[PDB]
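So the structure is just underneath, and the comments pick up after that.
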Amino acid sequence: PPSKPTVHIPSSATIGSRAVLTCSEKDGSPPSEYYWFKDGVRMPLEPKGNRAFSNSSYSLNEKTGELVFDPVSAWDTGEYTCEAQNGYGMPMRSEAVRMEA
Amino acid sequence: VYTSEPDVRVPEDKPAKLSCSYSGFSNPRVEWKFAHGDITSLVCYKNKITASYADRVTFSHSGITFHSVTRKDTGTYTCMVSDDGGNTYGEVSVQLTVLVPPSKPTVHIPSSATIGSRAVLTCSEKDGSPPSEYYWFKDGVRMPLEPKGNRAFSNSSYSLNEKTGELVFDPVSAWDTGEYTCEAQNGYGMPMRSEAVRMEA
Amino acid sequence: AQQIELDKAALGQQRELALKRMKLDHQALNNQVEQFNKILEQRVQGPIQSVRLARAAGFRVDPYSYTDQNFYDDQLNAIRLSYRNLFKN
Amino acid sequence: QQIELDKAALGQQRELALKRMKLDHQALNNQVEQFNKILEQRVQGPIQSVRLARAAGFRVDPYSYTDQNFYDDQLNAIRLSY
Amino acid sequence: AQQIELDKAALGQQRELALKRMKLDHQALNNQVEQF
Amino acid sequence: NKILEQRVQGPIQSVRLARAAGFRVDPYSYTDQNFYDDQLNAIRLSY
Amino acid sequence: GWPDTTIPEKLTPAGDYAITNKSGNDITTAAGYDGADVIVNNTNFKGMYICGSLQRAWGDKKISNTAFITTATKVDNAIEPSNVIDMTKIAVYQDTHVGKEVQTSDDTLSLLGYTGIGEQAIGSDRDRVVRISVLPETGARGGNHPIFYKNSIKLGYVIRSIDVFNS
Ligand SMILES: [K+]
């Protein structure tokens, strides 16, 4: 399965800045993917949709969890967390962490 | 959101099912969308199939089904689902591969070679669905992945891209003459053996 | 100018508050029907919601037994049923 | 320069109370179809419930199919605004 | 002419927006009878 | 929604609770249908 | 030993089980099963059976899988209910691992279950019963009436059972 994955988060970025969030795991066999939360609800694959995230802007490297915020909008504040899963066992989740604009 | 079988493999014209198991919603709304490389389209919207595909495709909010398929329908599908207004949300992606077996592939033989020089043998095929790997022959028998070993072949030398066909006599030897062929297969259907050709050293 | 300047945005700030107490009033008004347009459905599934129930915890319930043709299709089948056995040996 | 703010703040009373007046239309436009629906289901629900249970093969109990009691849900969806 | 121009235009809105409600007030009335 | 969520998962639990000890079951009162008119005060009439 | 119950409807058997409560959900547990407005069965092999399917053949590894059978008329990718059984109306949905070639798959099958969740009895809709040409049938006599013999049966994906009628 995935082990509990590592992450890296700046707790607060500047409004209209750039920011990056990652989630890493070691025991992924097959390689564990990564999917992000925000206040619990899982993050889309793109902000491009009627998602409440049409204003925001980012991309994903779901195999790497390399979540972007380029630019960082004001509303992009949230409780972000990744959910590691190789589609086997159980999806393991990282710590609870915030981010602020 | 939840699914059961992402790696679907089917022939042409035959069915499919694309499970989209969701949970925890009150007034959901479902969104399927096609995707392959540059191409993108909507299959469904508001629990309703898009007119481009409704004439053959069905619907059910556990997952959809194609009454029939083509290789063009291959790609990637994504059952984006949301509560009414995004109070709750999830996603899932599914990718597909219709099974067209390969055809008699195109071959590439310099029928003559200089010895100590370099020759290049390649093979090429169109109906790879999935991409049809190649496995080379000499004199009817099959050539290794590496000539190193108790092969009767390590005296010569070559290098492969067996999925692609890039076979190179690096270098050629006088011993290397024989009757060569590429053997096409995508792990489905019969292997399409190609035209056999000499290689004059 | 400052007296205006904070009032330049006071209205748009009230425009933020305004739509949202208009939203909540809309969030429940539709939801009033969401409660209602399916409580009525339960009356449509009166029987099975009781029989799919008791069979689950855990009884031996056997509603299928009936004897009287009070449906107008049952006897009408019996009309034809008795009409065929009559001619056909 | 008190005019551009009043030209717009006419103007916020206006299109707000608009929506207020609009939403009070759906307060009752939804209510009527929350009521006129009854008089169909007053007859149609039972017709479908019995059309349902007949599929399995149950008894039908031809006295209790007509609710007539729980279809006093009109009693709370009856206006007397005042 | 701010205190003579933009005082009467609002009166139209103050007028109409009530008469909107007068219908909706009138609407429940005759809708009640139809509902009665 | 808790109501309709209970509404089977009451009696079920209640019976399976009682039957774990081995009572007579009273196979009409397992389902109540009256006390589960507590919807009646949990209904909007927002107005 | 071939059974008698048609499918309810046209359907293209192409995938896995799926049932959903409320027409707005998907559920995979008991409390969710009973805790249900209704049951929907968004499945593609709904009114079918659960036979064992030893699934042999010449030169075919990839061990046996389960089958699903009814009577129905087959049209090129799907089926439709017919109840007048002939040599053409037989139906199966077992994956015998066929690539690009005739298989010649001998098989054996034993009646073992059902699929049509949401239903609540079998042998009650005569229109779905498989008869060759004629259906034996009676009505009340004297003051005596007919009967059936109830007999529980398996269901497949869900642990519950369902009630058969038997003459
Ligand atoms: K086999």
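Protein chains in written order, with my numbering: chain A, 1 to 101; chain B, 1001 to 1201; chain C, 2001 to 2089; chain D, 3001 to 3082; chain E, 4001 to 4036; chain F, 5001 to 5047; chain G, 6001 to 6167. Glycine included, each C-beta is placed from N, C-alpha and C at the ideal position.
Look at residue i and residue j and say whether their C-beta atoms are less than 9 Å apart.
{"i": "residue 3059 of chain D", "j": "residue 2065 of chain C", "result": "yes"}
{"i": "residue 1099 of chain B", "j": "residue 1011 of chain B", "result": "yes"}
{"i": "residue 1154 of chain B", "j": "residue 1169 of chain B", "result": "no"}
{"i": "residue 1062 of chain B", "j": "residue 6026 of chain G", "result": "yes"}
{"i": "residue 6135 of chain G", "j": "residue 6079 of chain G", "result": "no"}
{"i": "residue 1026 of chain B", "j": "residue 1073 of chain B", "result": "no"}
{"i": "residue 25 of chain A", "j": "residue 3 of chain A", "result": "yes"}
{"i": "residue 4960 of chain F", "j": "residue 5036 of chain F", "result": "Outside the displayed range of chain F (5001 to 5047) lies residue 4960 of chain F, so it cannot be described from this structure."}
{"i": "residue 6126 of chain G", "j": "residue 6137 of chain G", "result": "yes"}
{"i": "residue 6077 of chain G", "j": "residue 1068 of chain B", "result": "yes"}
{"i": "residue 1080 of chain B", "j": "residue 49 of chain A", "result": "yes"}
{"i": "residue 4024 of chain E", "j": "residue 3025 of chain D", "result": "yes"}
{"i": "residue 6131 of chain G", "j": "residue 6081 of chain G", "result": "no"}
{"i": "residue 1182 of chain B", "j": "residue 1096 of chain B", "result": "no"}
{"i": "residue 6015 of chain G", "j": "residue 6044 of chain G", "result": "yes"}
{"i": "residue 6041 of chain G", "j": "residue 6007 of chain G", "result": "no"}
{"i": "residue 6115 of chain G", "j": "residue 6157 of chain G", "result": "yes"}
{"i": "residue 16 of chain A", "j": "residue 73 of chain A", "result": "yes"}
{"i": "residue 6002 of chain G", "j": "residue 6122 of chain G", "result": "no"}
{"i": "residue 1053 of chain B", "j": "residue 1109 of chain B", "result": "no"}
{"i": "residue 1050 of chain B", "j": "residue 1041 of chain B", "result": "yes"}
{"i": "residue 1058 of chain B", "j": "residue 1065 of chain B", "result": "yes"}
{"i": "residue 1197 of chain B", "j": "residue 1111 of chain B", "result": "yes"}
By the three-class DSSP mapping on this structure, what secondary structure does residue i have?
{"i": "residue 1059 of chain B", "result": "coil"}
{"i": "residue 1082 of chain B", "result": "strand"}
{"i": "residue 1030 of chain B", "result": "strand"}
{"i": "residue 1145 of chain B", "result": "coil"}
{"i": "residue 1100 of chain B", "result": "strand"}
{"i": "residue 1007 of chain B", "result": "coil"}
{"i": "residue 6097 of chain G", "result": "coil"}
{"i": "residue 3003 of chain D", "result": "helix"}
{"i": "residue 2020 of chain C", "result": "helix"}
{"i": "residue 1195 of chain B", "result": "coil"}
{"i": "residue 5036 of chain F", "result": "helix"}
{"i": "residue 3045 of chain D", "result": "helix"}
{"i": "residue 61 of chain A", "result": "coil"}
{"i": "residue 1151 of chain B", "result": "coil"}
{"i": "residue 2059 of chain C", "result": "coil"}
{"i": "residue 3079 of chain D", "result": "coil"}
{"i": "residue 6021 of chain G", "result": "strand"}
{"i": "residue 1035 of chain B", "result": "strand"}
{"i": "residue 5003 of chain F", "result": "helix"}
{"i": "residue 6141 of chain G", "result": "strand"}
{"i": "residue 6135 of chain G", "result": "coil"}
{"i": "residue 5030 of chain F", "result": "coil"}
{"i": "residue 6111 of chain G", "result": "coil"}
{"i": "residue 1045 of chain B", "result": "coil"}
{"i": "residue 6033 of chain G", "result": "helix"}
{"i": "residue 6054 of chain G", "result": "coil"}
Residues bridged to residue i by DSSP?
{"i": "residue 6147 of chain G", "result": "Residue 6147 of chain G is not bridged to any residue."}
{"i": "residue 23 of chain A", "result": "A:7"}
{"i": "residue 6080 of chain G", "result": "G:6073"}
{"i": "residue 6153 of chain G", "result": "G:6162"}
{"i": "residue 3031 of chain D", "result": "The partner list for residue 3031 of chain D (beta bridge, DSSP) is empty, contrary to what the question assumes."}
{"i": "residue 67 of chain A", "result": "A:21"}
{"i": "residue 1182 of chain B", "result": "B:1136"}
{"i": "residue 1077 of chain B", "result": "B:1094"}
{"i": "residue 1188 of chain B", "result": "Answer is none; residue 1188 of chain B lacks a bridge partner."}
{"i": "residue 2087 of chain C", "result": "Residue 2087 of chain C is not bridged to any residue."}
{"i": "residue 1115 of chain B", "result": "In the DSSP output, where bridge partners are listed per residue, residue 1115 of chain B has none listed."}
{"i": "residue 1065 of chain B", "result": "B:1017"}
{"i": "residue 1002 of chain B", "result": "B:1021"}
Does the beta carbon of residue i fall short of 8 Å from some heavy atom of ligand 2?
{"i": "residue 2050 of chain C", "result": "Annotation note on ligand 2: not contained in the displayed structure, which lists ligand 1 as its ligands."}
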